[PDB]
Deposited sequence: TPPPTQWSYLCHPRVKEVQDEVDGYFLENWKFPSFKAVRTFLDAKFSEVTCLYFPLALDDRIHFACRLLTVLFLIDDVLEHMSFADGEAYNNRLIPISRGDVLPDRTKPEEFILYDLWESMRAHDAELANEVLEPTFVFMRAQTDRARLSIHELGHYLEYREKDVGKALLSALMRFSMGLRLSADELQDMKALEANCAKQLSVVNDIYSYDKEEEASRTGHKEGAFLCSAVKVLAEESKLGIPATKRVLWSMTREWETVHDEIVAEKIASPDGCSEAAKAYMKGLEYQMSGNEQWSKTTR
């Protein structure tokens, strides 16, 4: 029931091969705790998600993104079940290894998978590989801290999502996967568009995750439904409405930077189009998942 969108999602052409390859890799190395754990793992189709997010990734780089997002999802799950303290230590052990400053204990998959991944990434393109490092660490460190006083206004909720460390990681990983080389100025002048993108991705995620998220929460669906005193079906229709307006905001900012006097590099252009795909791909995926 979502209103019409001007964008068309796209899935990476090599999704089939890459998914078998990467899922395969983890089935060979990750210490799943049970066969049911494995069913759960395969049902997630992390490589398909990655391929819907970065349909323009270079053919020889898309597997890197799948491997990185997969291991990070696995890790995120591990951290969710351990105390704040043990989680702190988990990351502290892994980050140095990810930097390649510490050799991995060959009997600990969480150690050697990350080590081999990052090494192979730098080996492919060290300059961009390193552009993804920090965002990754900021992200895994943010998976330990709990609390988070549930927000209740629409503005503050969106402002909060704009700064989502995960969405920031996606954009960096995307530049690497597409081989995009942007200047510091270009990236800085990109913040607005990025904020809008992060915001759009969230609301769409929320719209589709509200139902299942019912048991006993940070959701634009909950936040707006209360502020406006509308029912869930209605609230959702309104969020869909806004979502389409933010897609239009994206188009205006893009056209504005392209028709700009100072010009717009091919890398910048490719980057903006990449964000478009993140949003359209995210929807296509949320629209057909779990």
Notebook entry, point to check: Which runs of the deposited chain sequence never show up in the coordinates?
Noted result: 217-226
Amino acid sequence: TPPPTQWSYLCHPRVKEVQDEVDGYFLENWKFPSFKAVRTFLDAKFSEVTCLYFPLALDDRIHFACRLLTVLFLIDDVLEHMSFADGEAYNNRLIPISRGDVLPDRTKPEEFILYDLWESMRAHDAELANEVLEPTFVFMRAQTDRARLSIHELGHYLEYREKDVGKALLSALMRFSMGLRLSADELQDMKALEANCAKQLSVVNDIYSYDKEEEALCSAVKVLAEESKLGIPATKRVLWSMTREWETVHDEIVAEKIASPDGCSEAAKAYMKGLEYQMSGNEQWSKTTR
From here on, numbers count along this sequence of modelled residues.
Item checked: Which of 24-32 and 257-265 has higher mean CA B factor, as the PDB entry lists it -> 257-265
Notebook entry, point to check: Out of 137-145 and 200-208, which one has CA B-factors that are higher on average in the deposited record?
Noted result: 137-145
Notebook entry, point to check: Taking the entry's C-alpha B-factors for this chain, is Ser120 in the lowest, middle or highest third?
Noted result: middle
Note to self: Split into thirds by Cα B-factor across the chain's modelled residues, where does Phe176 land: lowest, middle or highest?
What the structure shows: lowest
Notebook entry, point to check: Is the Cα B-factor recorded for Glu48 in the lowest, middle or highest third of its chain?
Noted result: lowest
Margin query: Ranking every modelled residue in this chain by its Cα temperature factor as given in the entry, which third contains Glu252?
Written below: middle
Next item on the list: Grab the CA temperature factor for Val223 from the record and place it in the lowest, middle or highest third of its chain.
Entry: highest
